[PDB]
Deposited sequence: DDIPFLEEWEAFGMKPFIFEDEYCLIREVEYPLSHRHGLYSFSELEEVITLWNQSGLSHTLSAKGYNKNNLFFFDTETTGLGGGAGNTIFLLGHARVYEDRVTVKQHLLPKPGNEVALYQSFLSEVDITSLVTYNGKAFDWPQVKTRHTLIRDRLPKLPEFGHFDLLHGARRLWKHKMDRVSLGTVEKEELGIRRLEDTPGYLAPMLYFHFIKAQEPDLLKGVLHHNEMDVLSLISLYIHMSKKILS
C-alpha cells in the first residue's frame, strides 16, 4: 500500500497511520552545543532568562514562557501547506520534527499528528503571507477545537512590522547553506511527488525546511540580543 517505506526509513521518515489515512514523520536531533551561524542553541536559554527579567513590552517577549514552550515553525506550500516543520529546544538537545502530507486526502492524519504535539498558540515564525492551513472534514475533537485557532502568523512573529530568510542568513546570522533546494521549487517538486511518491523528489525540500526552522532559532536569539542589549 504505502510505497518506498524502506527508502523513507533511511532518511529518518516513518508513517503515522490514522483513520485510513497517513502522514510521514521525520525527526532529527541536534546537541545544544551545535552552532547554527553566529549562535549555539544553548544561547536560547540566556535570552529567555533576560526576557523574563525585562519590563519591556514587546511582541517577541518570552516573559512567562520557558524555552520548551517555543515552537520554531516553518511550512512549505504548493495554495496550501503540505509540509509542517518545527524545532523545539530542550535541556540537552534540539528536536526537529517534520509532518509531510503524502498526498491530498491525508489531512486528518496530518492534523492528528501535528496538533497532538505542537502548541499552535506559541509559534515562532518568519512568514510573510498568512499560513495556508489545509482544509479538513473530521469529527475528531482535538482537531475541530483548533481549526479556528490556527493563526495567520506566529505569536512570536520575527517579521513584525517589517528581508528574505536567505538574505538575513547571509548578512546577519552568518549562515551559509550548501546546495540548498530553494523554497520556490517546492511546489513543482511536490506536484511531481504526489504522482511518483519517490522520496528523492523531496529530500532537498526536507533539508531546506529543516535548515529554515533552525535559522528561526538563530534569528530569535539574534533579535532578542539586539533588543535586550
(request) Would you mind checking the deposited sequence against the model and listing the stretches with no C-alpha coordinates? (result) 1, 80-86, 171-180
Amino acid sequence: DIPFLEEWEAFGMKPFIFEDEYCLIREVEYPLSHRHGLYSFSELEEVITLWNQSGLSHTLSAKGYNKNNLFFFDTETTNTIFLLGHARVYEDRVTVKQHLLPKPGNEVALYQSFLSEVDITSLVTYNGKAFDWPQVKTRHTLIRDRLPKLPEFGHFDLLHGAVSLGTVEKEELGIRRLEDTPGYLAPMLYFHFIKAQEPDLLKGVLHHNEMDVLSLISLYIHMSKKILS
From here on, numbers count along this sequence of modelled residues.
(request) Name the higher of the two by mean Cα B-factor in the PDB entry, 199-207 versus 45-53. (result) 45-53
(message) On mean Cα temperature factor in this entry, is 113-121 or 134-142 the higher one?
(response) 134-142
(request) Quick one: classify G154 as lowest, middle or highest third of the chain based on its Cα B-factor. (result) lowest
(request) Place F11 in the lowest, middle or highest third of its chain's C-alpha B-factors, as listed in the PDB entry. (result) highest
(message) What third of the chain does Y22 rank in for C-alpha temperature factor, lowest, middle or highest?
(response) middle
(request) Name the third of the chain's ranked CA B-factors that contains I194, choosing lowest, middle or highest. (result) highest
(request) Within this chain's modelled residues, let me know which third the CA B factor of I81 belongs to: lowest, middle or highest. (result) middle
